[PDB]
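No hydrogens, no waters, no symmetry mates; every other heavy atom, side chains included, goes into these values. Within every chain, numbering begins at 1; the chains are lettered A, B, ... in the order of the sequence lines, protein sequences first and strands thereafter.
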Amino acid sequence: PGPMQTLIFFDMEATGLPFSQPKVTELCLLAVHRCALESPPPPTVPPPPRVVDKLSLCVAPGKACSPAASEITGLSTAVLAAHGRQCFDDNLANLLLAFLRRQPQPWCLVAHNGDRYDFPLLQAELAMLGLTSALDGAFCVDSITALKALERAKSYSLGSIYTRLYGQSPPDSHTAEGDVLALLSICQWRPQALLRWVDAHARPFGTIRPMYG
Amino acid sequence: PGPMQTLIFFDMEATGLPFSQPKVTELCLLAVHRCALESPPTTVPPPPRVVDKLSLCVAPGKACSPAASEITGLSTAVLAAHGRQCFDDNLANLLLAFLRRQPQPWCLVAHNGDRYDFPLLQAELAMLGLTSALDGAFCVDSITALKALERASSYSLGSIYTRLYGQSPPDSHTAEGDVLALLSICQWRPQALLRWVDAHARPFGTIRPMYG
DNA sequence: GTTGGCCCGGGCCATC
DNA sequence: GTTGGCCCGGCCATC
């Protein structure tokens with residue numbers, strides 16, 4: 001496995017915490033080519049690359065959001081149904097894959113605390129559709145682990161890292177797209193160091209076990 | 001047809017003006033359920049909380065004209081540096097699957113769409129042999145719409161935006177920036193726009209391709 | 001850097 | 001509203 005050709009920054013919102021077997025309510029993928037981070041007065045926050053692919057979607061979960069999640073995310077099952085949202089079905093999996101197929105391979109998903117939430121949860125959704133092997137060619141990285149390594153070479157939530165790095169809070173927190181753009185900014189802090197950490201720790205996604213599947 | 005259930009605001013960037021047989025370099029679709037326009041929430045309007053957004057860069061067959069690169073900040077060598085792929089079958093299936101997530105009838109909204117975004121998109125699909133893919137959708141030129149809304153009450157995207165809101169829109173001359181600025185404008189009188197679009201939603205299949 | 005509809009033959013303008 | 005893991009018995013971190 002060589003250098004990752006595309007970094008796909010990734011975040012989801014869901015009906016609750018892992019023990020509740022949550023269902024996806026919102027997702028965002030932002031695919032960035034390696035050269036945007038290998039060869040990017042100066043601003044405090046790095047400007048996102050001009051050439052990006054972005055996909056943001058709301059998802060009808062099969063059940064009610066927990067009250068705490070509705071409060072944090074601004075999404076509820078009833079409102080999603082009012083906007084006619086469809087559930088996490090086969091067409092959505094085909095959509096995700098068609099988006100990824102626009103990106104040079106190898107792919108590396110990047111998600112904040114991904115190993116405990118975003119990655120198992122996506123794998124659960126795909127597993128329930130029998131598409132457990134649809135992302136087997138992909139790689140993934142947890143940006144909390146990466147940022148710990150980069151910083152040491154204290155809270156590590158997305159908000160705390162952003163503010164510690166950039167001295168201000170990111171806009172539109174606790175949305176899938178807002179948290180993805182914030183994550184992009186954090187990873188653009190020392191982009192070279194991050195690319196070398198990703199290349200050395202890119203984990204096959206097929207080894208991510210479903211959260212509840 | 002009845003009430004359009006989904007307005008998909010739409011902009012593309014490309015290599016040049018219509019005379020040069022331009023090729024798409026960037027596109028953005030932003031689908032908004034009509035209920036986000038009929039009963040909005042409680043000075044630019046905030047976008048709806050619930051939206052679907054697709055934004056992509058495309059490798060064109062040819063070079064970008066010098067002015068188009070200046071305006072858009074895209075060039076054909078740079079798109080190749082980012083390993084962008086051409087307008088192909090997969091991309092056509094991408095757009096169709098994204099539209100499948102939206103309730104029908106669909107209506108595309110595009111600024112000066114009757115003369116650029118719509119025929120350019122139709123031409124790309126026609127070179128792929130896919131000239132009937134998006135024909136179940138409707139389309140509406142927001143210049144025609146906004147002219148009538150101010151009539152009963154320059155028409156470039158920037159001039160409209162500054163007239164209603166007073167400041168310049170951010171990220172102008174990108175596909176997403178243009179779409180987001182278009183959304184904000186269409187949220188000025190969302191009630192009257194919905195009635196307008198419903199009264200003048202035109203089948204996408206009545207649009208002839210820009211070339212080929 | 002254009003030119004095909006829109007305003008009101010022809011000049012203006014809007015997409016990139 | 002917190003489980004399950006980590007930074008080095010406490011206390012986060014994704015919703």
Side-chain angles (χ1 to χ4, degrees), chain A residues 10-27 59 61 63-76 111-122 142-145 147-149 151-152 154-161 173-176 179 183 211-212, chain B residues 10-27 60 62-76 110-121 141-144 146-147 151 154-160 172-175 178 182 208 210-211:
Chain A
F10 176 57
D11 177 63
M12 299 200 296
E13 309 294 326
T15 58
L17 285 177
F19 59 76
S20 77
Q21 295 173 320
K23 295 278 296 175
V24 176
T25 54
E26 195 186 30
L27 67 103
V59 185
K63 58 174 189 186
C65 299
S66 65
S70 258
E71 171 184 344
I72 303 178
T73 68
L75 306 174
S76 75
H112 202 70
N113 212 31
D115 291 359
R116 280 156 191 154
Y117 200 88
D118 283 328
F119 298 155
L121 178 48
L122 171 53
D142 192 320
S143 61
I144 273 178
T145 311
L147 262 287
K148 283 179 184 178
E151 199 150 6
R152 299 159 179 177
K154 203 166 60 180
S155 162
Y156 281 94
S157 64
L158 181 73
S160 298
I161 302 173
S173 46
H174 289 290
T175 67
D179 297 0
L183 172 60
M211 178 181 297
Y212 57 89
Chain B
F10 176 51
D11 187 49
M12 296 185 303
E13 305 295 331
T15 57
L17 292 172
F19 77 102
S20 67
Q21 321 252 86
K23 297 237 63 187
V24 176
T25 58
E26 192 182 37
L27 59 88
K62 39 189 294 186
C64 294
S65 75
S69 279
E70 268 177 11
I71 299 178
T72 60
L74 301 171
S75 73
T76 309
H111 202 63
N112 201 26
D114 290 4
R115 281 136 120 186
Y116 200 86
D117 283 329
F118 294 155
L120 184 45
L121 174 62
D141 194 322
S142 56
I143 272 173
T144 322
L146 257 294
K147 272 186 182 179
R151 152 168 46 250
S154 171
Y155 273 108
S156 79
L157 183 65
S159 300
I160 300 175
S172 33
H173 298 289
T174 75
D178 291 1
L182 173 64
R208 287 164 194 174
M210 198 175 289
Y211 52 95

Pairwise [atom1] distance for [N] and [M], with rounding to whole Å:
N	M	atom1	answer
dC16(C)	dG11(C)	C1'	22 Å
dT14(D)	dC6(D)	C1'	15 Å
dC8(D)	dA13(D)	P	12 Å
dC11(D)	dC7(D)	P	16 Å
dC13(C)	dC8(C)	P	11 Å
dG4(C)	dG9(C)	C1'	15 Å

Can you measure [X] atom [atom1] to [N] atom [atom2] for me and round it to whole angstrom units?
X	N	atom1	atom2	answer
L121(A)	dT3(D)	CG	P	19 Å
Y211(B)	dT2(C)	OH	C1'	15 Å
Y156(A)	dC11(D)	OH	P	17 Å

### Task
Verify, without hydrogens or angle tests, whether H111(B) (side chain) and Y155(B) (backbone) share a donor-acceptor contact under 3.5 angstrom.
yes
### N/O donor-acceptor pair under 3.5 Å between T15(A) side chain and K23(A) backbone
yes
#### Entry: Letter per nucleotide, 5' to 3', of nucleotides 11-16 of chain C [B base touched, S only sugar-phosphate touched, - untouched; heavy atoms, 4.0 Å]
---SBB
Mind checking the [atom1]-[atom2] spacing from [X] to [Y]? Nearest 0.5 Å is all I need.
X	Y	atom1	atom2	result
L17(A)	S66(A)	CG	OG	6.5 Å
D11(A)	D118(A)	CG	CG	5.0 Å
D179(A)	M12(A)	CG	CE	12.5 Å

#### Entry: Closest non-hydrogen atom pair, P22(B) against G16(B)
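Reported closest heavy-atom pair: CB-O, 3.2 Å.
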### Task
Specify the closest pair of heavy atoms between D142(A) and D115(A), including all atoms of both residues, with the distance to one decimal.
OD2-N, 3.0 Å
### Summary
Per the 3.5 Å Watson-Crick/G-U criterion and a run length of at least three, the stems involving DNA chain D are D:3-6 with D:10-13
### Task
Using a 4.5 Å cut-off on heavy atoms from C-beta on, say whether the side chain of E26(A) contacts that of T73(A).
no
### Query
Within a strict 4.5 Å, meaning less than it, do heavy atoms of the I71(B) and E13(B) side chains meet?
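In short, these two side chains do not touch, never coming nearer than 4.5 Å.
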### Message
Heavy-atom nearest nucleotide on DNA chain D for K148(A) versus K154(A): which residue maps closer to 5'?
### Response
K148(A)
### Message
Going by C1'-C2'-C3'-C4' alone, is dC8(D) a north or a south sugar?
### Response
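With a positive torsion about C1'-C2'-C3'-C4', the sugar belongs to the north class.
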### Task
Assign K23(B) to base, sugar-phosphate, or nothing according to its heavy-atom contacts below 4.0 angstrom with the strands shown.
nothing
